[PDB]
Structure formats: C-alpha cells, structure tokens
$ cat work02.txt   # compact mmCIF, N, CA and C atoms
# COMPACT_ATOMS: atom_id res chain seq x y z
N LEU U 40 -9.53 -1.28 -5.76
CA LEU U 40 -8.35 -0.94 -6.54
C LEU U 40 -8.68 -0.90 -8.02
N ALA U 41 -8.86 -2.07 -8.62
CA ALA U 41 -9.15 -2.16 -10.04
C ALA U 41 -10.56 -1.72 -10.39
N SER U 42 -11.44 -1.56 -9.40
CA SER U 42 -12.74 -0.95 -9.67
C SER U 42 -12.59 0.52 -10.04
N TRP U 43 -11.56 1.19 -9.52
CA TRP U 43 -11.23 2.53 -9.99
C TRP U 43 -10.83 2.51 -11.45
N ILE U 44 -10.09 1.48 -11.86
CA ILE U 44 -9.71 1.34 -13.26
C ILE U 44 -10.94 1.08 -14.12
N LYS U 45 -11.86 0.24 -13.64
CA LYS U 45 -13.09 -0.04 -14.38
C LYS U 45 -14.01 1.16 -14.44
N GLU U 46 -13.90 2.08 -13.48
CA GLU U 46 -14.63 3.34 -13.55
C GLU U 46 -13.98 4.31 -14.54
N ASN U 47 -12.68 4.54 -14.40
CA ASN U 47 -12.02 5.59 -15.18
C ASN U 47 -11.78 5.16 -16.62
N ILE U 48 -11.22 3.97 -16.83
CA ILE U 48 -10.96 3.50 -18.18
C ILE U 48 -12.27 3.11 -18.85
N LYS U 49 -12.30 3.19 -20.17
CA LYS U 49 -13.53 3.09 -20.94
C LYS U 49 -13.31 2.24 -22.18
N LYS U 50 -14.35 1.52 -22.59
CA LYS U 50 -14.31 0.78 -23.85
C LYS U 50 -14.85 1.64 -24.98
N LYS U 51 -14.10 1.71 -26.08
CA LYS U 51 -14.56 2.46 -27.25
C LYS U 51 -14.02 1.85 -28.53
N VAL U 95 -18.86 3.06 -32.15
CA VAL U 95 -18.41 4.32 -31.58
C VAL U 95 -19.34 4.75 -30.46
N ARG U 96 -19.33 3.99 -29.37
CA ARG U 96 -20.12 4.29 -28.19
C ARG U 96 -19.22 4.13 -26.98
N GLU U 97 -18.98 5.23 -26.27
CA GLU U 97 -18.08 5.24 -25.12
C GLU U 97 -18.72 4.45 -23.98
N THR U 98 -18.32 3.20 -23.85
CA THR U 98 -18.77 2.26 -22.84
C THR U 98 -17.66 2.08 -21.81
N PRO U 99 -17.95 1.57 -20.61
CA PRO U 99 -16.85 1.25 -19.69
C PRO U 99 -16.06 0.03 -20.15
N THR U 100 -14.80 -0.01 -19.74
CA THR U 100 -13.83 -0.99 -20.22
C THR U 100 -13.99 -2.34 -19.54
N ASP U 101 -13.02 -3.24 -19.76
CA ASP U 101 -13.07 -4.58 -19.20
C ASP U 101 -12.18 -4.76 -17.97
N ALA U 102 -11.29 -3.80 -17.69
CA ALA U 102 -10.46 -3.75 -16.47
C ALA U 102 -9.57 -4.98 -16.31
N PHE U 103 -8.60 -5.09 -17.20
CA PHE U 103 -7.71 -6.24 -17.28
C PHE U 103 -6.72 -6.26 -16.11
N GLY U 104 -5.92 -7.33 -16.05
CA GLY U 104 -5.05 -7.60 -14.92
C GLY U 104 -3.58 -7.81 -15.21
N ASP U 105 -3.05 -8.99 -14.88
CA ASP U 105 -1.66 -9.35 -15.15
C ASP U 105 -1.61 -10.64 -15.95
N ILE U 106 -0.49 -10.88 -16.63
CA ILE U 106 -0.32 -12.11 -17.40
C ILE U 106 0.95 -12.82 -16.94
N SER U 107 1.08 -14.06 -17.41
CA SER U 107 2.36 -14.76 -17.53
C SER U 107 2.18 -15.87 -18.55
N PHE U 108 3.25 -16.19 -19.25
CA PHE U 108 3.19 -17.25 -20.26
C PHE U 108 4.53 -17.92 -20.45
N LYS U 114 8.83 -14.74 -15.16
CA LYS U 114 8.23 -13.66 -14.39
C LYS U 114 6.89 -13.26 -14.98
N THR U 115 6.43 -12.05 -14.66
CA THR U 115 5.06 -11.65 -14.96
C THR U 115 5.03 -10.31 -15.67
N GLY U 116 3.84 -9.98 -16.17
CA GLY U 116 3.62 -8.70 -16.83
C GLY U 116 2.17 -8.29 -16.69
N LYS U 117 1.95 -6.97 -16.64
CA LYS U 117 0.65 -6.38 -16.39
C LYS U 117 0.10 -5.76 -17.67
N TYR U 118 -1.23 -5.63 -17.74
CA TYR U 118 -1.83 -5.18 -18.98
C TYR U 118 -3.18 -4.56 -18.70
N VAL U 119 -3.48 -3.47 -19.41
CA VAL U 119 -4.71 -2.72 -19.22
C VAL U 119 -5.26 -2.30 -20.58
N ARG U 120 -6.54 -2.56 -20.80
CA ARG U 120 -7.23 -2.19 -22.02
C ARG U 120 -7.81 -0.79 -21.86
N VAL U 121 -7.23 0.19 -22.55
CA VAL U 121 -7.72 1.56 -22.57
C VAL U 121 -8.31 1.84 -23.95
N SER U 122 -9.00 2.98 -24.05
CA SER U 122 -9.51 3.46 -25.32
C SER U 122 -8.66 4.62 -25.82
N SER U 123 -8.81 4.93 -27.11
CA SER U 123 -8.01 5.99 -27.70
C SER U 123 -8.42 7.37 -27.20
N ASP U 124 -9.65 7.51 -26.71
CA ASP U 124 -10.13 8.78 -26.19
C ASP U 124 -10.12 8.72 -24.67
N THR U 125 -8.94 8.92 -24.09
CA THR U 125 -8.79 9.03 -22.65
C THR U 125 -8.06 10.32 -22.33
N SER U 126 -8.32 10.83 -21.13
CA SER U 126 -7.72 12.10 -20.73
C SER U 126 -6.27 11.91 -20.32
N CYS U 127 -5.50 12.98 -20.47
CA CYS U 127 -4.06 12.91 -20.29
C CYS U 127 -3.68 12.81 -18.82
N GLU U 128 -4.20 13.72 -17.99
CA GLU U 128 -3.88 13.68 -16.57
C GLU U 128 -4.55 12.50 -15.88
N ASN U 129 -5.70 12.06 -16.38
CA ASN U 129 -6.30 10.81 -15.94
C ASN U 129 -5.36 9.65 -16.21
N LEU U 130 -4.73 9.64 -17.38
CA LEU U 130 -3.79 8.59 -17.73
C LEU U 130 -2.56 8.65 -16.83
N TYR U 131 -2.10 9.86 -16.49
CA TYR U 131 -0.98 9.98 -15.58
C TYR U 131 -1.31 9.47 -14.19
N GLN U 132 -2.51 9.80 -13.69
CA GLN U 132 -2.92 9.34 -12.37
C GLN U 132 -3.03 7.82 -12.33
N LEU U 133 -3.57 7.23 -13.40
CA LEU U 133 -3.65 5.77 -13.51
C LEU U 133 -2.27 5.14 -13.51
N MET U 134 -1.35 5.70 -14.30
CA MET U 134 -0.02 5.13 -14.42
C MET U 134 0.76 5.23 -13.12
N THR U 135 0.84 6.43 -12.55
CA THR U 135 1.64 6.58 -11.35
C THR U 135 0.94 6.08 -10.09
N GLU U 136 -0.34 5.73 -10.15
CA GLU U 136 -1.02 5.18 -8.98
C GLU U 136 -1.04 3.66 -8.99
N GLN U 137 -1.63 3.06 -10.04
CA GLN U 137 -1.82 1.62 -10.05
C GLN U 137 -0.50 0.89 -10.27
N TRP U 138 0.20 1.22 -11.36
CA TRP U 138 1.52 0.64 -11.59
C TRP U 138 2.53 1.16 -10.58
N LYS U 139 2.46 2.46 -10.26
CA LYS U 139 3.26 3.12 -9.23
C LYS U 139 4.76 2.99 -9.50
N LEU U 140 5.20 3.62 -10.58
CA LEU U 140 6.61 3.63 -10.95
C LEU U 140 7.32 4.86 -10.41
N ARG U 141 8.64 4.74 -10.28
CA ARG U 141 9.45 5.88 -9.89
C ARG U 141 9.64 6.82 -11.07
N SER U 142 10.26 7.96 -10.81
CA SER U 142 10.50 8.92 -11.87
C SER U 142 11.65 8.44 -12.75
N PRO U 143 11.43 8.24 -14.05
CA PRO U 143 12.50 7.78 -14.92
C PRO U 143 13.47 8.89 -15.25
N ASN U 144 14.67 8.50 -15.67
CA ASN U 144 15.72 9.46 -15.95
C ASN U 144 15.84 9.80 -17.42
N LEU U 145 15.23 9.02 -18.30
CA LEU U 145 15.41 9.10 -19.75
C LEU U 145 14.36 8.23 -20.42
N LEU U 146 13.72 8.75 -21.45
CA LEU U 146 12.81 7.95 -22.26
C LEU U 146 13.42 7.71 -23.62
$ encode --input "work02.txt" --output "structure tokens"
Amino acid sequence: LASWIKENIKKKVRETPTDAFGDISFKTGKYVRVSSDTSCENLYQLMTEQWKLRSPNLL
C-alpha cells in the first residue's frame, strides 16, 4: 500500500524518494510528505486511491 506512496512520492535540489509518512494523533489525522515537483494526475491517483474520498460538492 504505502510502498506505492514511497515509489511515487519523492523528496526534493536532487529529486530523491520521499519518506512515506502515515497518520497522527495528539480522533486521528493522516499526513503525507510530497515535493513541490509532482505530477498532477499522479497526485489525483494518490488522493483518490490512498485516502479514497467521495466526490465533493463544493470547494
């Protein structure tokens, strides 16, 4: 699961792979370290796959 995140997401001036973060609590909340240079549809696939949210009605 999160190995896909560690593959796709990247640490970034040398594009290295990321750290593949998880969830927190201090209920709960999730968190992912991405870089500023990530692809758009890659970001959509990550968001709607791993987090897996429904279609929102308004932003």
$ closest_residue --input "work02.txt" --among "U:127, U:145, U:134, U:121" --to "residue 51 (chain U)" --atoms "only C-alpha atoms"
U:121
$ atom_distance --input "work02.txt" --atom1 "atom C of residue 124 (chain U)" --atom2 "atom N of residue 43 (chain U)"
17.0 Å
$ residues_around --input "work02.txt" --residues "region 99-115 of chain U" --least-positions-apart "4" --cutoff "6.5 Å" --atoms "all atoms listed in the file" --output "ChimeraX atom specification"
/U:41,44-45,48-51,119-120
$ select_by_dssp --input "work02.txt" --residues "chain U" --states "strand (DSSP E)" --output "mmCIF file with N, CA and C atoms, in the coordinates of the input"
data_model
loop_
_atom_site.group_PDB
_atom_site.id
_atom_site.type_symbol
_atom_site.label_atom_id
_atom_site.label_comp_id
_atom_site.auth_asym_id
_atom_site.auth_seq_id
_atom_site.Cartn_x
_atom_site.Cartn_y
_atom_site.Cartn_z
ATOM 1 N N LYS U 49 -12.300 3.190 -20.170
ATOM 2 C CA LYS U 49 -13.530 3.090 -20.940
ATOM 3 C C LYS U 49 -13.310 2.240 -22.180
ATOM 4 N N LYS U 50 -14.350 1.520 -22.590
ATOM 5 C CA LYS U 50 -14.310 0.780 -23.850
ATOM 6 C C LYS U 50 -14.850 1.640 -24.980
ATOM 7 N N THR U 98 -18.320 3.200 -23.850
ATOM 8 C CA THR U 98 -18.770 2.260 -22.840
ATOM 9 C C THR U 98 -17.660 2.080 -21.810
ATOM 10 N N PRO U 99 -17.950 1.570 -20.610
ATOM 11 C CA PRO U 99 -16.850 1.250 -19.690
ATOM 12 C C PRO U 99 -16.060 0.030 -20.150
ATOM 13 N N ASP U 105 -3.050 -8.990 -14.880
ATOM 14 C CA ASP U 105 -1.660 -9.350 -15.150
ATOM 15 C C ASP U 105 -1.610 -10.640 -15.950
ATOM 16 N N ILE U 106 -0.490 -10.880 -16.630
ATOM 17 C CA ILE U 106 -0.320 -12.110 -17.400
ATOM 18 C C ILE U 106 0.950 -12.820 -16.940
ATOM 19 N N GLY U 116 3.840 -9.980 -16.170
ATOM 20 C CA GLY U 116 3.620 -8.700 -16.830
ATOM 21 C C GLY U 116 2.170 -8.290 -16.690
ATOM 22 N N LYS U 117 1.950 -6.970 -16.640
ATOM 23 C CA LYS U 117 0.650 -6.380 -16.390
ATOM 24 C C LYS U 117 0.100 -5.760 -17.670
#
$ select_by_dssp --input "work02.txt" --residues "chain U" --states "alpha helix (DSSP H)" --output "list in words"
residues 41, 42, 43, 44, 45, 46, 47, 127, 128, 129, 130, 131, 132 and 133 of chain U
